[PDB]
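Starting off, we have a lone chain in the form deposited in one PDB entry, written out as structure tokens.
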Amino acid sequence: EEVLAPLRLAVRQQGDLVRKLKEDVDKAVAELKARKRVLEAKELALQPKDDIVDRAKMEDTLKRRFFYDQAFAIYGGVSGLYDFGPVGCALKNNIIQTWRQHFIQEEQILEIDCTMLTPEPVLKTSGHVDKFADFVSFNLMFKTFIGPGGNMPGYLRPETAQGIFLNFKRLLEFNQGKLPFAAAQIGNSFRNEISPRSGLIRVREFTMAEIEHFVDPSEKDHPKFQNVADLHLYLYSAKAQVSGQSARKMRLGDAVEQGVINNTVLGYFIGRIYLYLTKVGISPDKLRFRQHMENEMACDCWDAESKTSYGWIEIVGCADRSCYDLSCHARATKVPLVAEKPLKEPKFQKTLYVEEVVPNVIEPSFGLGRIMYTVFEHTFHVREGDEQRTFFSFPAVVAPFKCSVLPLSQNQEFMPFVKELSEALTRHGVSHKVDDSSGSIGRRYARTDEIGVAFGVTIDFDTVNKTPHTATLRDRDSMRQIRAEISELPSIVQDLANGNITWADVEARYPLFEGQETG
């Protein structure tokens, strides 16, 4: 704070220096941007405990165990293109599934599925075509042609949003002409980046989950907002940024009423995003919501930024883009894209009975790749004893493998019990990994922990020797383990994977494991 104070002051001076420069585009918010960048960097350099991940170790684990890899690596690879392996894909679908329960099923959102191929007039209308050609000229989008030859120039969608806007009329009709409603699409988006860098952070193809919440401007207040009002989270307002200030933990309700956040609709989604991101493993102490300043924005915009080894990175944008995309496409195509509400008292010799409503749009955009990479960092740990033993503390709900089945030895008496358990878990819908390899139980614990297997069932000698056949259940993080009846462990593991019990509750109900005594 002693080293940061002068840089804070500096940002502040050039801050409302700018406000003065317009109080009565020569002006350089570029100068302001530089100063804040300095402050940002040095605050970052001052903070580490070191509190932060050994990126090279974590990337090694991800690589070795095929969480994700360079696409076409066998052909030399293509910059900015990545494939997800078994664990990567599994973790992804879990993150997407949780996203579906958290947003779509919760708010009864209308999820649609649109083509990635997009004709040129659509993107010229939204201004994507005009805004992303550059200095021979090269476009930051992927251009292609549809059909015969070059009869129809098209692009790969840069975003998922436009498919919703263009289907507004049938979406609205499906909600029977009533506002408000929301549509969503989960799919891939394409950015022909001139320089893909930092692994999954900036890629040329990535999976995006987008939501367009359509709402009557006359009615921009969310009914469920007090479900998130008392949440305390870090906010970084435009005022705070230009004041040279840092982020500040506030109450959501306060920030909305004080007017820091425009409305309770935008606020609701900020709160819901917070709840979601933390649910999938992102750390609250390493998560902030940063408002967009004047030189980056639309009524209001807030990015969700997570602190990583690469610094602060946006993982979820949440914009208020009242009227535009609906209006822009409307004029472009001459097709009216609006809602209507019946006037109470009918009304320029025409008598009106309804008034047309141009809906406002609230748009949360989720970059699942970055969200996933953030989870990787925020859940990566190294065992205190063995530096080779690394593991991921994935929340049970998103852990790719909920369980592992482990005979204590390659010994044969265990094998029928192992077969029993796998099929049982398979019929309980419980994702599991069976390891009956030549390695010791410690080696195979290490393998399983490495990919974030939530719990480990170990078949021992007392599984076969004593009257009630009982295996041990092991917690990935604490490495502590209990003992329970093979009959019921698939139910117990299923429960932990769904979040209907916690490991503390399990340790409470079932006896602790002091050790083998049959041998």
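All residue numbers are counted from 1 along the displayed sequence. Only the largest set of C-alpha atoms that superpose within 1.5 Å between the two forms is called the rigid core.
Do a third or more of the other compared PDB entries fail to give coordinates for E345? That residue is missing from at least a third of the other compared entries.
Just how many deposited residues go unmodelled from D24 to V25: none, 1 to 3, 4 to 9, or 10 or more? The entry has 4 to 9 unmodelled residues between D24 and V25.
What number of residues from the deposited sequence go unmodelled in the gap from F135 to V136, classed as none, 1 to 3, 4 to 9, or 10 or more? The entry has a long gap there, with 10 or more residues left out between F135 and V136.
149-157 or 306-314, whichever carries the higher mean Cα B-factor: Comparing averages over the C-alpha atoms only gives 149-157.
State which stretch shows the higher mean Cα B factor in the entry: 488-496 or 64-72. The deposited B-factors put 488-496 ahead on the C-alpha mean.
Report the option among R321, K433, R389, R427 whose CA atom has the maximum B-factor in the deposited record. Across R321, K433, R389, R427, the entry lists the biggest C-alpha B-factor for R427.
Peak C-alpha temperature factor (PDB record), options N94, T351, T379, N227: Of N94, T351, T379, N227, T351 has the highest C-alpha B-factor.
Ranking the modelled residues of this chain by C-alpha B-factor as given in the entry, is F417 in the lowest, middle or highest third? Highest third.
Compare the C-alpha B factor of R37 with those of the other modelled residues in its chain, then answer lowest, middle or highest third. Ranked within chain, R37 CA B lands in the highest tercile.
Quick check on the deposited entry: does the C-alpha B-factor of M58 sit in the lowest, middle or highest third of its chain? Middle third - that is where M58 ends up once the chain's C-alpha B-factors are sorted.
Among modelled residues of the same chain, the CA temperature factor third for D221: Ranked within chain, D221 CA B lands in the middle tercile.
Would the CA B-factor of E450 place it in the lowest, middle or highest third of its chain? Its C-alpha B-factor belongs to the lowest third of this chain's values.
Below: the form deposited in another entry, not depicted.
With the two forms aligned on the rigid core, which of the residues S422, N167, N263, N94 moves its CA by 2 Å or more between the shown form and the other one? Comparing the C-alpha positions, the one residue that moves 2 Å or more is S422.
Superposing on the rigid core, do we see a C-alpha displacement of 2 Å or more at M58 between the shown form and the other one? No.
Kindly check if the Cα atom of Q388 is displaced 2 angstroms or more between the shown form and the other one relative to the superposed rigid core. Moves: yes, 2 Å or greater.
Does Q70 shift between the shown form and the other one by 2 angstroms or more at the C-alpha, the core having been superposed? It does not reach a 2 Å shift.
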